[PDB]
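This is what each chain is made of:
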Amino acid sequence: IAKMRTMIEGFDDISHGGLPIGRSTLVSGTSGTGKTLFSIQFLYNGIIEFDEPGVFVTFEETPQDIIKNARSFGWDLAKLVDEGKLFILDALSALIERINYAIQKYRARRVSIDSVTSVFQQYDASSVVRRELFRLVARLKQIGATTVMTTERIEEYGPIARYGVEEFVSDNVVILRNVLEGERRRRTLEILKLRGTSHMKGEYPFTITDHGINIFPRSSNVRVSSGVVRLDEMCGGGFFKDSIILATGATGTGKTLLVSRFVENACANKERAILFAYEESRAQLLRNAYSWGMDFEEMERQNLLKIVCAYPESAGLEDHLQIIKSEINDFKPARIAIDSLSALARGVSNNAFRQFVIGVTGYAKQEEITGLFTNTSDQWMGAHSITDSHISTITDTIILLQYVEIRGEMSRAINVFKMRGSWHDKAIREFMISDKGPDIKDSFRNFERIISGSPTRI
Amino acid sequence: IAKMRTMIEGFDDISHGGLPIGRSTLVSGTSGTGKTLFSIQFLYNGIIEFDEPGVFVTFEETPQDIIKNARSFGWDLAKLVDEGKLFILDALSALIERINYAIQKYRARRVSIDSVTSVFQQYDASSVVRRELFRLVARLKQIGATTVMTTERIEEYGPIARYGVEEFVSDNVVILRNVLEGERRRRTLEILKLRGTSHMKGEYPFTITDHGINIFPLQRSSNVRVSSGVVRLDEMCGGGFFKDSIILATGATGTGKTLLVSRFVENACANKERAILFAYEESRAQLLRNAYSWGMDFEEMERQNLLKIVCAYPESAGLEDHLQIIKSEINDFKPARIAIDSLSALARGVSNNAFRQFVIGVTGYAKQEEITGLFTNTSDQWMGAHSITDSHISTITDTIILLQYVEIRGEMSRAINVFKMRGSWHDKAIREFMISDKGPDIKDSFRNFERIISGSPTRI
Amino acid sequence: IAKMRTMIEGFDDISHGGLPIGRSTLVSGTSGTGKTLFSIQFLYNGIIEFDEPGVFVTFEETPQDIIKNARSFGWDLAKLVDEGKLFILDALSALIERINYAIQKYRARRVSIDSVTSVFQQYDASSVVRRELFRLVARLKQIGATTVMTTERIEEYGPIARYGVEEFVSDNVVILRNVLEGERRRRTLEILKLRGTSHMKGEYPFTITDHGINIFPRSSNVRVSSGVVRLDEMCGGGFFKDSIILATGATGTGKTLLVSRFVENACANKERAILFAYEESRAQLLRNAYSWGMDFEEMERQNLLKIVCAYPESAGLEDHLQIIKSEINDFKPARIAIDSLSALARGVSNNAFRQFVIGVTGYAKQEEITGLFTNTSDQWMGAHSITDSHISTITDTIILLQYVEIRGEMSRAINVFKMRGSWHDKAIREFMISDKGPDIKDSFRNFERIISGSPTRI
Ligand SMILES: Nc1ncnc2c1ncn2[C@@H]1O[C@H](COP(=O)(O)OP(=O)(O)OP(=O)(O)O)[C@@H](O)[C@H]1O
Ligand SMILES: Nc1ncnc2c1ncn2[C@@H]1O[C@H](COP(=O)(O)OP(=O)(O)OP(=O)(O)O)[C@@H](O)[C@H]1O
Ligand SMILES: Nc1ncnc2c1ncn2[C@@H]1O[C@H](COP(=O)(O)OP(=O)(O)OP(=O)(O)O)[C@@H](O)[C@H]1O
Ligand SMILES: Nc1ncnc2c1ncn2[C@@H]1O[C@H](COP(=O)(O)OP(=O)(O)OP(=O)(O)O)[C@@H](O)[C@H]1O
Ligand SMILES: Nc1ncnc2c1ncn2[C@@H]1O[C@H](COP(=O)(O)OP(=O)(O)OP(=O)(O)O)[C@@H](O)[C@H]1O
Ligand SMILES: Nc1ncnc2c1ncn2[C@@H]1O[C@H](COP(=O)(O)OP(=O)(O)OP(=O)(O)O)[C@@H](O)[C@H]1O
Ligand SMILES: [Mg+2]
Ligand SMILES: [Mg+2]
Ligand SMILES: [Mg+2]
Ligand SMILES: [Mg+2]
Ligand SMILES: [Mg+2]
Ligand SMILES: [Mg+2]
């Protein structure tokens, strides 16, 4: 069974090539899931890429509203209709002939019907829909062209369609969802079945942007600096270019301090760096940075640093990934920083969060970008948190900052927890922050049980 | 697709400009969600901000009741009668004509219909509803005017409309909710879809006030330092706190959080500065006594119109309501610094999602108006450090003042330490402090003591 | 919009004045929720207070049963009907006229219809109810008098009414619930909406008594004694008159011993004290008390002590509050004692329990009553329990009793954990119980980690 490329970032890989050619695919989903955007994008790409004439049979919506609505993604369907590339037919076998005729009249290969559930209210009786639904499908496959039928849904986790019979008639079934968990929406796509072919099972996180749908389905020995010389000595000559570093520690340990020095070092070597803030504001970050002896304002003036401040609770994880990607695709940094991951995990699912980290890490490694992500531990024992963290198994380097109470004084300690394919210092060296940055000193030799955060004289 | 500024506090940002031009927006919700209120506000602002002629089509309620109902928000009906900028049509295509007629009879632009679910009593079939709903939105778009059709729902988490078909006919869908979790209602508005445009997905906390709906959508940083009330505490923070900064004092029950809040507010009024104290644990009567027992006359500071106390039981109103109160109270008095006693009193019997959205708002607004916020929180463990790390609101704060009990020689002594100070140097020593009739007396730290963070140290 | 006072303890504050005048309020709820009791109480109060003639339109019930049923709250509707103050009309616009006529014939201002859901079985068809329901409402508001319509419900957390359309017709909606959680009923009232006015949102705990419905929506420096001189020295001269004391400790620490001495001290100063027991029985309490050297039997003979023994598992929290209040309103004590709160929290919700403590504390402070509540900790570390307790943040004084194992002997220790707006001793003094009460001795000076319950020689 040949598959027809839809040129939809993700769907191509999820459908193992695309949609079965000569057959009809059903895209069911609730209101605002993006059933019309998909059907349009399936046609547009078809004419904008392989130049394969395509017809869109409208119903509840008009040929003007569709074009005007398609303008949101910067598309000109009028020019596509002015060149006879696309045909929008306004709207019981009078339609089947009109489509069969129009298709042959414009030598069409890709058709989209949005929606059939609209023109079935006068029928109902469940079995009535089926018989009329089956006839259409047969009248399509007989013509020999591939389509993507649109169907309405009531529940996100209920019947496939409205009459729960359209799925058994259609050859391929794609379900568009928009689940609401914790007052936060999430668009997920899934291929229920693909008769006479293979596909990726389960749901995949997607978003809607000006580009349209965005379904989200080497190892060089080159070392880079972190901004701190002592830390580079502890990492056996700084981090790797194509590596993921992780700074985990208690609140106010110095995660943001290390990120500031990591971003500065990029801009100091005339290299672009993107800082994704989710805890502090640009105003505060600029002040805090300057207090340590770093002019972030200057770094933005040299077009070598871009601060992307935003609230984690605002947008969803799926959207946050689309932002970093787009922002990374535009500025094209040498190294990025996420401050922090703990701010993006609160009020989120462990499953939906794991997929975020995989994407950011994978993309960062795919574009050969040195990513330094931070994370605030939920326990006073940093080691316990790092071991309890499922994102710590994915990171290549782990910088652990731990509070150590010594002589009734809350001192701080830093240690390179792990360093993949590179020697690192295994000593828990103490450090003190000043008006110039970190000052990594010696490691507590005459103390025991320092991992608890409260050592004892040996 | 041109938008239409509804002038609704929040919706403008949530809708990325407002509602699509010459398009039909559906506002579904249960009874008491505020569909009619929203519908009135939409038109009201239209002919009181941009002079936009709009008509309100009624069905269940009459032109007098509606006009009388808007009297709770101080809105007169002189715009619909004397002025003639409004039009209340008392109440299948017999009405559509009148809508268009009146529209062109005042060069219309904004329309509001409440409710369209009530004009389908005769018809019980969903198919019929769609057909009539479809032709309505069709004509409307043909005329070219911003319509805000209002429908009703049965479940807060179920069908979009009563017949679950109106959402597919309408171009835009807005769902007003009023969820009840733990015998407490929560009004949340959400934009389901906006055909041919972008918007904020998911539901946003809103409240209904005398000004109507109050939707709450989700470089300064000066180095100017302010005093906390305690001299030694200012020396421990490297010259007092920051002006536009959030401070948090966590500790076991009876550690001295309220004592620190009392000096923070006193110091304000001492420099002829206004300070609002938000109480949620003790009452004014009690607070005045304890305050005076520490050597502070809060009654005096209230007499100088410099201090205000807003006592209220947490377990009564919703977090969104508390947020609306603080804002309004801060917008009225306009203080230099505020105090919340406490965040733990407002966290009990609330969701971590709903509670984190609160602190973000208060912190955000406090910093957005350059107000020094001293928030407190009673720790649920005897190891204060554990609780601070466990706290997902401890990362949000700029300064953290940790108070913790320390058993020494079979005596329950207390210790204070500046856990962290964002973009500032602070003392890293756990100095013991005592409380008396003059207030806190920060002493020295414990040199020959180990495992002090445990609450029960050992002689070194 | 003017509001009409219903003289219902609570509703006045929950409705911010009362019910919208010239409009109709809908009181929906299940069977036994108290829809008829409310409607009657709305009329009675109207004639017994502002003397505003009122008419009750009955249906399934008769004008005799209603009066006989109203006798339970000690009301004489016959005398109200014998004076032409109330009119009970026995029982499709023949009724609207009968009401419109009768109302004007008796110059009525308050009307009650129980129930409309009864006279709608022959109609049904959902939309039919609406049209007939809307007509009634319009025929009422036109007359210009305020009402409280009664409607039946199926589920406690489901449709507002039976046809789920009455809520959209009515101007104001009040829902009476009777939720069953853990084989225990709880009556909650709520104002869904109030068109053209403000109200308290969410549900409020209410009960039914002989008084009818019972919706439940200074700081002097005067010090009082606890019965123990050493404890008064540790509290800087005893507790405050308008203060809440809390005795938290492990089972058999001496909570009941301290409560006995606290109640005795009241009766010793010719002051009335109420002891609310929930763990031990009067028989046992009398014996235990006498064993320490206190004649509680004598204290009851002097009309200075009243023991209110009851089982927590019997009645609900809402009811327990109504008892203390009524019992406090009758005897009018100087100081009360709850033994204990831990007995009233088992098999209850943390939310429904927090509201109980607020009420008892608030009322105790409103009537200037010194309340000493006890609580049995669920851990061996008293400090951990006090910190973990959400009721410990509301109490003004916290007396912590902790078991301390010394020299293979289970000794006991007492300490004033906190004392609001008063100096207190910060020493963990040991104590031993004898045949005369508590003997607070010195504090363990040569021991460390005593808070664990198992110290160590220093
Ligand atoms: N340019 C854009 N930028 C951002 N978001 C957009 C943009 N255009 C559309 N959207 C979002 O994506 C959605 C796409 O709606 P679409 O018309 O595809 O809905 P549908 O699934 O066909 O629904 P219906 O059942 O009403 O036909 C919009 O409702 C909006 O939330
Ligand atoms: N100018 C300064 N001089 C000395 N120490 C400073 C200075 N500025 C900040 N610090 C120290 O740095 C700490 C904050 O570091 P940073 O904000 O990087 O920590 P973090 O762990 O990233 O914080 P958060 O918990 O907010 O994410 C402060 O608590 C303080 O102890
Ligand atoms: N001044 C006010 N202060 C506080 N709350 C108010 C005020 N005015 C109105 N409200 C609240 O807002 C509600 C307004 O009801 P509204 O008419 O907006 O409801 P609706 O969603 O249109 O209901 P319906 O199902 O009858 O159409 C009141 O019930 C009340 O809860
Ligand atoms: N006049 C006083 N003299 C001495 N100590 C006092 C005096 N007033 C209060 N205290 C001390 O202060 C404690 C209460 O301080 P404060 O109320 O500020 O603490 P908190 O942490 O806010 O407690 P809560 O858990 O009640 O909110 C008392 O337990 C006592 O130790
Ligand atoms: N004097 C009383 N003392 C205690 N409880 C009482 C007393 N009188 C009534 N009750 C309780 O309150 C309830 C009040 O019943 P009421 O007649 O108000 O029911 P209703 O909600 O109108 O129900 P229905 O749907 O049957 O009309 C009684 O069923 C009983 O449980
Ligand atoms: N006559 C007595 N002489 C000495 N000790 C006594 C005497 N009577 C009781 N006790 C001590 O008092 C303890 C009980 O005290 P009390 O009943 O007040 O404790 P409690 O903590 O309130 O109990 P509960 O856990 O049942 O609530 C007994 O375990 C015993 O050790
Ligand atoms: Mg569509
Ligand atoms: Mg940080
Ligand atoms: Mg309405
Ligand atoms: Mg306090
Ligand atoms: Mg009844
Ligand atoms: Mg006892």
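Residues numbered from 1 in each chain as written, not as in the entry; some residues may be left out. Chains lettered and ligands numbered in written order. Part of a larger assembly, values for the part shown. Heavy atoms only, no water. Residues with missing side-chain atoms left out of burial classes, pairs and counts.

If you check the header, you'll see the entry was determined by X-ray crystallography and the resolution is listed as 2.8400 Å.

(A) Examining the interface of chain B and chain A more closely. If you look at the interface, chain B gives 58 residues, while chain A gives 47 residues. Among the elements that take part in the side of chain B that touches chain A, strand β7 (residues 185-194) of chain B stands out by supplying five residues, more than any other. Here the residues of the side of chain B that touches chain A sort into 18 nonpolar, 19 polar and 21 charged. (Contact = heavy atoms within 4.5 Å. Helix = DSSP H or I, 4+ residues; strand = E, 2+ residues; numbered from the N terminus. Nonpolar A, V, L, I, M, F, W, Y, C, P; charged D, E, K, R; others polar.)

(B) Highlighting the UniProt feature "binding site: Mg(2+) 1" in chain B. All names here are of chain B. UniProt records the feature "binding site: Mg(2+) 1" for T36 in the present numbering. Relative to the helices and strands, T36 resides in helix α2 (residues 35-46). Ignoring any residue separated from it by four or fewer positions in sequence, one finds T36 in contact with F56 and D114. (UniProt positions renumbered as here; feature names shortened; annotations may be inferred.)

(C) Quick peek at the UniProt feature "binding site: Mg(2+) 1" in chain A. Here the UniProt feature "binding site: Mg(2+) 1" sits at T36 of chain A. Here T36 of chain A shows up in helix α2 (residues 35-48).

(D) Structural detail: the interface of chain C and chain B. Taken residue by residue, the interface counts 58 residues in chain C and 47 residues in chain B. Those elements that place two or more of their residues in the side of chain C that touches chain B are α6 (127-143), α7 (166-169), β9 (185-194), β10 (203-206), α13 (350-366), α14 (382-388), β21 (409-419) and β24 (447-448) of chain C. In terms of residue count, α13 of chain C provides more of the side of chain C that touches chain B than any other element does, five residues in total. For the side of chain C that touches chain B, the residue count by class is 18 nonpolar, 19 polar and 21 charged.

(E) Expanded view of the domain arrangement of chain A. Residue and element names in this part refer to chain A. The domain architecture assigned to chain A consists of domain 1 (3-215) and domain 2 (223-457). For domain 1 and domain 2, the distance between their C-alpha centres works out to 44 Å. Between domain 1 and domain 2, the contact holds nine residues from the first and eight residues from the second. Sorting the residues of the side of domain 1 that touches domain 2 by element identifies β9 (185-194) and β10 (203-206) as the ones contributing at least two each. (Domains from an automatic or database assignment.)

(F) Looking closely at the UniProt feature "binding site: Mg(2+) 2" in chain A. Under the UniProt annotation, the feature "binding site: Mg(2+) 2" is placed at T256 and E279 of chain A. For the residues just named, distributed over 24 residues, the greatest C-alpha separation is only 9.8 Å, placing them together at one site. Here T256 of chain A shows up in helix α9 (residues 255-268). Setting aside residues up to four positions removed in sequence, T256 of chain A forms contacts with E280, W292 and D339 of chain A. Within the fold, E279 of chain A resides in the loop between β16 (273-277) and α10 (282-292). Those residues in contact with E279 of chain A that sit more than four places away from it in its chain are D339, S340, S342, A343 and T376 of chain A together with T395 of chain B. Within the structure, the side chain of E279 of chain A is placed 2.6 Å from the side chain of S340 of chain A, a separation counted as a polar contact. (Polar contact = N/O pair within 3.5 Å; in protein donor to acceptor, adjacent residues only side chain to side chain.)

(G) Focus on the domain arrangement of chain B. All names here are of chain B. Domain boundaries assigned for chain B yield domain 1 (11-215) and domain 2 (225-459). The gap between the C-alpha centroids of domain 1 and domain 2 is 45 Å. Counting residues at the interface gives eight residues for domain 1 and eight residues for domain 2. For the side of domain 1 that touches domain 2, a count of residues per class yields two nonpolar, three polar and three charged.

(H) Here's a closer look at the packing of helix α12 (residues 317-331) of chain A against helix α13 (residues 350-366) of chain A. Residue and element names in this part refer to chain A. Here α12 crosses α13 at 10°, and the two axes come no closer than 10 Å. Judged by the inter-axis angle, α12 sits roughly parallel to α13. Between α12 and α13, the contacting residues are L317, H320, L321, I324, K325, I328 and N329 on the first element and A352, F353, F356, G359, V360 and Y363 on the second. In terms of residue class, the contact of α12 with α13 is made up of nine nonpolar, three polar and one charged. (Axes fitted to C-alpha atoms, helices over the stretch in contact; angles between N-to-C directions. Parallel < 35°, antiparallel > 145°, perpendicular 65-115°, else oblique.)

(I) A look at the environment of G371 of chain A. The residue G371 of chain A is located in strand β19 (residues 370-376) in this model. Apart from the residues lying within four places of it in its own chain, the contact partners of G371 of chain A are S243, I244, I245 and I336 of chain A.

(J) Spotlight on the sheet that holds strand β17 (residues 305-309) of chain A. Residue and element names in this part refer to chain A. With mixed pairing, nine strands are arranged side by side in an open sheet as β17-β16-β18-β19-β15-β20-β21-β22-β23. Two strands bound the open sheet, and with one partner strand each, they are β17 and β23 (437-443). Strand after strand, the sheet turns through a mean of 25° between neighbouring axes, direction not considered. Bridge analysis of strand β15 (residues 244-249) against strand β20 (residues 397-406) gives five bridges, and the strand direction is parallel. Looking across to β20, one finds that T248 is bridged to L400. Its contacts with the sheet place α9 against β15, β16, β17, β18 (335-339), β19, β20, β22 (429-434) and β23, and it is angled at close to 160° to β18. Strands β16, β17 and β18 of the sheet are contacted by α12, whose axis makes an angle of about 155° with β16. (Pairing = 2+ DSSP bridges.)

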